[PDB]
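Reviewing the structure listed below.
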Amino acid sequence: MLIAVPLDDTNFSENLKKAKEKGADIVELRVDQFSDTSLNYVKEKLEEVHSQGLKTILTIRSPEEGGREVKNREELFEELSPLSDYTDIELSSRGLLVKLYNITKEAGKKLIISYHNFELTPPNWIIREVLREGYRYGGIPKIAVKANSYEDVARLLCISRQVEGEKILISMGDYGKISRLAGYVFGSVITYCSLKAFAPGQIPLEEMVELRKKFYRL
Amino acid sequence: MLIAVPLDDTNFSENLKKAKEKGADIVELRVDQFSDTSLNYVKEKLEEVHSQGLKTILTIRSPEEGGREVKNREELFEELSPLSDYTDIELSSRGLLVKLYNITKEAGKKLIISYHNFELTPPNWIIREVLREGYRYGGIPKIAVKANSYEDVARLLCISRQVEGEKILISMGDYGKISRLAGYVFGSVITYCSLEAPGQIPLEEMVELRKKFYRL
């Protein structure tokens, strides 16, 4: 699996350098956490990541799913999606799905279609619908939901197998930590790390690199 | 008119706070849009609205009218309709009308009997029949239909006058935007706003528009 680390624009150059040295394959630009969202500022950031040999995920999280409103969000996608290896758009932002799929497809890039639930792991039918809709819109479905028990972790992983295809599975919280490593066996293609952990369940980049080697020989 | 803001379970507490601070009168719980519809998860949300001093509309939209299947739908109405200020049930959910009226009436609450058409504004006889049936079942009839022209908006508003009584009238879509503000003069008692689709109006804007146009 590929290892990604989210980053805002603070001390960016040095954090990118650290992400590289520590083994990150991807840097996710959380533009919703940027103090500057001009098309050039973000473009240069994407280019700087590529300059270091890493891939990028262009994310501009909507406020309803843990992000913040970005006035020129749609413009950023139009202009930068063709330049980022991946673009993460929320399944809930229905009006941009077809549009971002066409843009990424034509540019030979990939679309991640995400769903986040910071409170609980939804019923199985919802898990399956999110996955099926993601594939229906031509993207890599991503599900990030808080586990309130170990059962919630097992359930998310097991139910995901009922909808075939590469996907991204994350059980957030202390209970779901194991999902960040074990997800691979269930078809999860990307795992997300912290550049030390600041929240329950996170795993530092350096540690995940060694775990990936120990369990999957990469 | 009163202003209602529909909300799903996403970032509920934060959204409710904004709704209260912006001036909403009602929060409509779109339970059909919830991830968890258990009696406790929903009851707690209902209590939260009341804790902020706002009224609630309990809605569990049927898949027939733009919602989705909710297995414990009946339990929710049975247990929560006596607590919610309003309960919205679809006229098409004929099997639950008498039951919901009895539950709400016994509890001193109000029943909204709704009709939704996301494609067009139906013929006048249908508009009148929906209003008549709503009243016949003891509820506040609600008609939410897509307007495909300004003519459709004027028509929905004018024909509704033929069946007197409190009601809720909404012409959805860009053309029907004006109905969200002007419906009140035609007897529409509640208007719906987004907290922050074509034709919707943000809560903050509607609160300002209401005071600008309506007499104290």
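All Cβ positions, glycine included, derive from the backbone under ideal geometry; neighbour counts span all protein chains shown. What follows draws every value from the coordinates through simple rules; no lab data is involved.
Summary table below
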quantity	calculated
Value at 222 nm in deg cm²/dmol, rounded to 500, when DSSP H runs of n ≥ 4 in chain B each add -39,500 (n - 2.57)	-11500 deg cm²/dmol
Nitroxide proxy distance, nm - points 7 Å out along Cα→Cβ at B:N148 and B:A197	1.7
Rounded to the nearest 20 debye, dipole of the protein assembly as shown from Cβ charges on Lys, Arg, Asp, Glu	360
Shape parameters for chain B, alpha-carbon atoms, Rg then Dmax in Å	16.3, 45
Per-pair calculated FRET efficiency, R0 = 51 Å: A:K99 and B:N124 via Cβ, rounded to 0.05	0.85
Taking B:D88, B:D152, B:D8 and counting other C-beta atoms within 10 Å, the order from fewest to most	B:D8, B:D152, B:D88
Efficiency of FRET between A:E166 and B:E64 - r from beta-carbon atoms, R0 60 angstrom, step 0.05	0.95
Pairwise FRET efficiency - A:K71 versus B:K43, Cβ, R0 = 51 Å, nearest 0.05	0.85
Listed residues B:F213, B:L96, A:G165: farthest to the positive end of the dipole of the protein assembly as shown (Cβ charges)	B:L96
Average other protein chain Cβ within 10 Å of Cβ, residues B:11-22	1
